[PDB]
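Note sheet for the following structure.
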There are 2 protein chains.
Amino acid sequence: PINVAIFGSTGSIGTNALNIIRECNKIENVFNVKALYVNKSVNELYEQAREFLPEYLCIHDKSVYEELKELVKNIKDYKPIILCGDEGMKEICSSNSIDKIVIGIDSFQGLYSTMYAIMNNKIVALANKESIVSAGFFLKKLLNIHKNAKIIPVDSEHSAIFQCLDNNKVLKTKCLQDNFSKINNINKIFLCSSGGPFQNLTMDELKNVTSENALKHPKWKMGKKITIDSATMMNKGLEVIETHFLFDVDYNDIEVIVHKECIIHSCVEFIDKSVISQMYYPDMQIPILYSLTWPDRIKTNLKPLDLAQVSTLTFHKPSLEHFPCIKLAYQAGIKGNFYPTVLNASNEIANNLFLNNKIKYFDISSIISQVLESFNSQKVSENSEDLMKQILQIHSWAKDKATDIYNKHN
Amino acid sequence: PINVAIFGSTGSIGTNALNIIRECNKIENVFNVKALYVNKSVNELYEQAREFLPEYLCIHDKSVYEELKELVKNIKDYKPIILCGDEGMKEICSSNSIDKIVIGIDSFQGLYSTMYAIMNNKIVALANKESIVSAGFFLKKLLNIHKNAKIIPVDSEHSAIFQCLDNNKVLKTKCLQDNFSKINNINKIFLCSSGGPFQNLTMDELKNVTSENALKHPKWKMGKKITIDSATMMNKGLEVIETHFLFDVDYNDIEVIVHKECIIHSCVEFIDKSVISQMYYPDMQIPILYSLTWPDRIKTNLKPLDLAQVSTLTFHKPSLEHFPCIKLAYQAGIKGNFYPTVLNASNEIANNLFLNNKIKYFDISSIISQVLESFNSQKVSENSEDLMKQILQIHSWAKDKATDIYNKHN
Ligand SMILES: NC(=O)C1=CN([C@@H]2O[C@H](COP(=O)(O)OP(=O)(O)OC[C@H]3O[C@@H](n4cnc5c(N)ncnc54)[C@H](OP(=O)(O)O)[C@@H]3O)[C@@H](O)[C@H]2O)C=CC1
Ligand SMILES: NC(=O)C1=CN([C@@H]2O[C@H](COP(=O)(O)OP(=O)(O)OC[C@H]3O[C@@H](n4cnc5c(N)ncnc54)[C@H](OP(=O)(O)O)[C@@H]3O)[C@@H](O)[C@H]2O)C=CC1
Ligand SMILES: Cc1ccc([C@H](CCC(=O)N(C)O)P(=O)(O)O)cc1
Ligand SMILES: Cc1ccc([C@H](CCC(=O)N(C)O)P(=O)(O)O)cc1
Ligand SMILES: [Ca+2]
Ligand SMILES: [Ca+2]
Ligand SMILES: [Mg+2]
Ligand SMILES: [Mg+2]
């Protein structure tokens, strides 16, 4: 049996996680859901609680904590440990019953639980790319300290890459380690992208797109922040750095390819030039499940891929002029040091501003660019604790700086 | 230090084998070509001997044995063991300084060397699908005895599938072994096809197609026999059975897909519905190479795949009315027993008849079908000496039956 905790369970990733767990459990009793953890969504959390009956429930916010104890009372013969805040999260991460944790918390906030889960030697099914981007070499140092802890990528492209690998090679090393790509004989990564909703617009249309146009479409079924990031292709930008860190592939060996059918989720080119790819309908259940079953696979009753019915698959290069966030991400990755933290932090603010119609499309890249130009490289701390503090302060600094730049230009 | 013998060195597979070995050795001096074996192409073999200086040369047609011996004296610093016939082949198969044997010998004939290589516990990089189709159950039995013998598929769709598998599991089993697909979590196989030259033709056009049509318009440079089989899609029919035997996959779990671009060379659907595919330009060098380096990869200077330039990939289901050879293969496969041997044997005749302009395109399938319809199930010999003999008997019966069906009509 596999004991699983779901962090951010009422969000997009967490809901998908619960679905695929539920559907698989109907075939064989594979998973136990031992913990749920959300931020405010007490009601939605309670409904999941009703059905899954986890031993642990937790809400980050204290203000909604009382309400949650009361709702839960309604459920008969169920008496769960009801916790709150960072404290509850640490209690969960350190339970001896929980084996694997799904981190579906959004933004830089997700780093906090990702680190405690590693410190506690857990398998971490990590959806939250903001954490790898902003805290890559820290998480690297944390994995070397806690040798049994593992990060298994849930981000669809990174799961796709991971599936295409020989696990006998993978087991010799692990995600986020130095030399991962050499052990696995990886030569190059094709990073697939939907292209987002703005893929066909001219530069002059781009100047005037609003947040509503970015959120509009039914094909983009995720949280509001990653939706916006898909529209600017900053999401792919962030996934380029995530690839660098998860697999230790050089930036010049990562190629972004727009594939609007979203069947081929990414491809790995090996040193012999043979390329391997993972394909399925655009669905996050596959990558979630794999991270929980890896290095094995289990039966699902998901719709099989009908290749004849999909019929056509297209590939083209993205326009760097229409999507300059991409180039910014490459520049920040290549620069190294804390430039990825700076990139991610300033994006968080520039993203939110566009979402709230406070800035225009091309301002996003304008803002992120000026913050990266302002940053001064710091020597990287040797001890984990000071590196952690260093990242927090640099992330906080960049948000502050983006807020200055924004305010100076409006 | 990989010591490789090349059987069929002068044909299309054998040539591509030497090409990839040549280019790979310019990077890393891995490969020793220890032996070369051909039928009659002595000047072509002499030109190859000179380049690769093998410890053994073997010519099958003994009438040209003196010619070979006398061309070879023109080579400096060279003193090879020069052998001929079956006995020459047997000697090579038993030599300890030979680890891997590439079988690029066409037709049923290739089963002899395949069997002897297995009996000497070699790794057999097998291009000759005819031996798997005629003698699948026997090869299986044989590999169960010579436990260190391995068959690694060289056929590109099968190498593709082989590559898509997770080697952490492949190493725990081997091709042609019970439970291969259970162990590897294989749900189904998408077996890809170029579709041949006749893929757009109506039925009335198909009636009239000739061998000149099939040979000028081919999708890859190959031997005449597979070229013709590609035109009728009997090749794919054969490959459906080769898949069944190599990978222990149920017939109703193998789906033929026409992919005219031939970038995707085949796809494996795993029990979770996730699909993994192998991709490269149309080439045989990689499938060959991988058969020779598995479980490892090595560097090549092959041109890397450029998905963006490729731009479009298409798929569709083949039509069984236009390509009845496919349907006959499933039927032979599903019936089991010696039906696949009959299918292969009668195809060898019909293919050749059409090649030589004696019969029409629908006569190929029509002749094969009658011979299949005529064959009567036999009890399967439980020992290897005998099963081999039984296979030879039926094979030559089916060949003679096909020829009789032709003679009684033209
Ligand atoms: N959604 C997708 O298809 C994909 C998502 N990702 C990544 O996965 C992550 C999650 O994205 P997504 O699911 O879209 O986002 P959502 O906004 O839909 O979900 C975020 C979840 O995190 C919870 N949460 C936020 N802060 C905290 C906290 N402080 N403590 C505990 N829980 C918290 C939210 O709780 P509450 O409901 O109470 O507010 C919610 O359940 C992102 O980092 C994203 O980049 C990556 C690839 C695909
Ligand atoms: N070519 C391709 O891309 C593919 C080929 N295959 C398979 O590979 C096999 C070979 O095909 P291909 O190379 O196209 O065929 P070719 O006709 O080009 O070559 C056959 C080779 O085998 C040699 N040969 C034939 N009979 C004997 C024998 N009695 N003893 C020793 N050598 C012999 C020939 O020698 P000689 O030159 O002296 O006549 C020749 O070198 C076939 O079974 C085919 O199905 C499978 C997938 C792809
Ligand atoms: C259909 C679909 C799949 C993937 C995405 C990507 C965004 C979401 C994501 O990162 N996933 C699913 O991993 P994008 O960055 O390629 O636009 C969008 C839409
Ligand atoms: C480009 C190309 C790929 C595959 C083929 C097949 C025939 C040869 C073959 O089996 N190969 C290359 O594995 P087909 O049966 O699909 O037509 C021809 C041309
Ligand atoms: Ca593999
Ligand atoms: Ca009968
Ligand atoms: Mg993604
Ligand atoms: Mg083939």
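Given (1) surrounded by fewer than 18 Cβ atoms within 10 Å (Cβ to Cβ); (2) more than 14 Å from chain B (Cβ to nearest Cβ), where does A:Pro340 come up short, assuming only one miss?
(1)
Hey, among the residues in segment A:126-178 that are in a loop (DSSP other than H, G, I, E, B) and within 11 Å of chain B (Cβ to nearest Cβ), which one's farthest from ligand 4 (Cβ to nearest atom)?
A:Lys172
Determine which single condition A:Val38 fails, assuming it passes every other condition in (1) over 23 Å from A:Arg297 (Cα atoms); (2) more than 22 Å from the chain's Cα centre (by Cα).
(2)
Can you tell me which residue among A:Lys225, A:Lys219 is outside the structural domain of A:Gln331 (by CATH), more than 16 Å from ligand 5 (Cβ to nearest atom) and assigned to a helix (DSSP H, G or I)? So that I can check it myself, show each step before the final result.
Values: A:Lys219 fails: assigned to a helix (DSSP H, G or I).
Exactly one residue qualifies, and that residue is A:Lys225.
Please pick out the residue among B:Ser319, B:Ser346 that is assigned to a loop (DSSP other than H, G, I, E, B) and among the small types (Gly, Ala, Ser).
The unique qualifying residue is B:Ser319.
Of the residues A:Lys182, A:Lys188, A:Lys169, A:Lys219, only one is charged (D, E, K, R) and either touching a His at 6+ places or on another chain (Cβ under 8 Å) or within 16 Å of ligand 7 (Cβ to nearest atom) (or both); which?
A:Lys219
Quick one: which residue in A:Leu392, A:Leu387 is of a type in the set (A, V, I, L, M), outside the structural domain of A:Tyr251 (by CATH) and free of Cβ contacts under 8 Å to residues at least 12 places away in the same chain? Quick ask: steps written out before the conclusion?
Working: A:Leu387 fails: free of Cβ contacts under 8 Å to residues at least 12 places away in the same chain.
Only one candidate qualifies: A:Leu392.
With respect to the numbered conditions (1) of a type in the set (S, T, N, Q); (2) within 14 Å of another protein chain (Cβ to nearest Cβ); (3) surrounded by fewer than 15 Cβ atoms within 10 Å (Cβ to Cβ), which one is the sole condition not fulfilled by A:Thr300?
(3)
Can you find even one residue in segment B:230-239 that is of a type in the set (A, V, I, L, M), away from chain A (no Cβ under 13 Å) and within 30 Å of A:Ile20 (Cα to Cα)?
No.
Does segment B:73-91 contain any residue that is within 20 Å of the chain's Cα centre (by Cα) and outside any helix (DSSP H, G or I)?
The answer is no, given that none of the residues of segment B:73-91 is within 20 Å of the chain's Cα centre (by Cα) and outside any helix (DSSP H, G or I).
Name the single residue, out of those in segment B:228-242 being assigned to a helix (DSSP H, G or I) and in contact with a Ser or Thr (Cβ under 9 Å, 6 or more places away or on another chain), that is nearest to ligand 5 (Cβ to nearest atom).
Here the answer is B:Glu239.
In segment A:1-59, what residues are farther than 19 Å from A:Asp283 by Cβ and basic (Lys, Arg)?
The answer is A:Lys34, A:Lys40, A:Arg50.
Could you check segment A:54-84 and list, in sequence order, the residues that are within 21 Å of A:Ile21 (Cβ to Cβ) and either surrounded by fewer than 16 Cβ atoms within 10 Å (Cβ to Cβ) or among the polar types (S, T, N, Q) (or both)?
The answer is A:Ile75, A:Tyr78, A:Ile81.
In segment B:269-296, how many are crowded, with 22+ Cβ neighbours inside 10 Å, farther than 20 Å from A:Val258 by Cα and facing chain A (nearest Cβ under 7 Å)?
Looking only at that region, the number is 8.
I need every pair where a residue in segment A:228-243 that is on the phi < 0 side of the Ramachandran plot and not assigned by CATH to the domain that holds A:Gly136 has its Cβ under 6 Å from the Cβ of a residue that is of a type in the set (D, E, K, R) and in a helix (DSSP H, G or I), sequence separation at least 6 or different chains.
Close Cβ pairs (under 6 Å, with a partner that is of a type in the set (D, E, K, R) and in a helix (DSSP H, G or I)) amount to A:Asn235/A:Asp229; A:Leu238/A:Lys129; A:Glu239/A:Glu157; A:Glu242/A:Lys129.
Report whether or not B:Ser366 is out of contact with any strand residue (DSSP E or B) (no Cβ under 7 Å at 6 or more places or on another chain), under 27 Å from B:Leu139 (Cα atoms) and hydroxyl-bearing (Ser, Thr, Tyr). Spell out how you get there, then give the answer.
Working: out of contact with any strand residue (DSSP E or B) (no Cβ under 7 Å at 6 or more places or on another chain): yes; under 27 Å from B:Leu139 (Cα atoms): no; hydroxyl-bearing (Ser, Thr, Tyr): yes.
The answer is no for B:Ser366.
Only one of (1) β-branched (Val, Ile, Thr); (2) within 22 Å of B:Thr341 (Cβ to Cβ); (3) surrounded by fewer than 23 Cβ atoms within 10 Å (Cβ to Cβ) fails for B:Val170. Which number is that?
Here B:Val170 clears every test but (2).
Could we say that A:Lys317 is among the charged types (D, E, K, R), more than 9 Å from every other protein chain (Cβ to nearest Cβ) and touching a helix residue (DSSP H, G or I) at 6+ places or on another chain (Cβ under 9 Å) here?
Here the answer is no, as A:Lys317 does not meet what is asked.
Would you check if A:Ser266 is within 12 Å of chain B (Cβ to nearest Cβ) and closer than 28 Å to A:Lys169 by Cβ?
In short, yes.
For segment B:14-51, what are the residues that are outside any helix (DSSP H, G or I) and more than 16 Å from B:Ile103 (Cβ to Cβ)?
If the condition is that a residue be outside any helix (DSSP H, G or I) and more than 16 Å from B:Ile103 (Cβ to Cβ), then B:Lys26, B:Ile27, B:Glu28, B:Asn29, B:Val30, B:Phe31, B:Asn32, B:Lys40, B:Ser41 are the ones that fit.
Any chance segment B:182-202 includes a residue that's within 16 Å of ligand 5 (Cβ to nearest atom), over 22 Å from B:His322 (Cβ atoms), part of a helix (DSSP H, G or I) and within 14 Å of chain A (Cβ to nearest Cβ)?
Yes: segment B:182-202 contains one or more residues that are within 16 Å of ligand 5 (Cβ to nearest atom), over 22 Å from B:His322 (Cβ atoms), part of a helix (DSSP H, G or I) and within 14 Å of chain A (Cβ to nearest Cβ).
If I ask for residues that are of a type in the set (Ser, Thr, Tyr), part of a helix (DSSP H, G or I) and in contact (Cβ under 8 Å) with a residue 40 or more places away in the chain, which ones from segment B:359-384 would you list?
B:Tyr361, B:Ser365, B:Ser369, B:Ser384
So the check is Cβ under 7 Å with 6+ separation or different chains; which pairs have a first residue in segment B:280-296 that's part of a loop (DSSP other than H, G, I, E, B) and a second one that's hydroxyl-bearing (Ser, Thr, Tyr)?
From residues that are part of a loop (DSSP other than H, G, I, E, B), the pairs are B:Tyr280/A:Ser274; B:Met284/B:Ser156.
Can you confirm whether B:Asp386 is farther than 26 Å from B:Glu212 by Cα and either surrounded by 14 or more Cβ atoms within 10 Å (Cβ to Cβ) or not β-branched (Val, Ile, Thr) (or both)?
yes
Just one of the numbered conditions (1) under 19 Å from B:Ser134 (Cβ atoms); (2) within 16 Å of ligand 8 (Cβ to nearest atom); (3) surrounded by fewer than 23 Cβ atoms within 10 Å (Cβ to Cβ) is not true of B:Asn347; which one?
(3)
Looking at A:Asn213, is it surrounded by fewer than 24 Cβ atoms within 10 Å (Cβ to Cβ), part of a helix (DSSP H, G or I), more than 16 Å from ligand 5 (Cβ to nearest atom) and over 19 Å from the mean Cα position of the chain (by Cα)?
Yes: the conditions hold for A:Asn213.
What is reported rests on the model, the rules as stated and the sources as named; nothing here is a laboratory result. In this analysis, Cβ positions are derived from the backbone assuming ideal geometry, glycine residues included, and neighbour counts consider all displayed protein chains.
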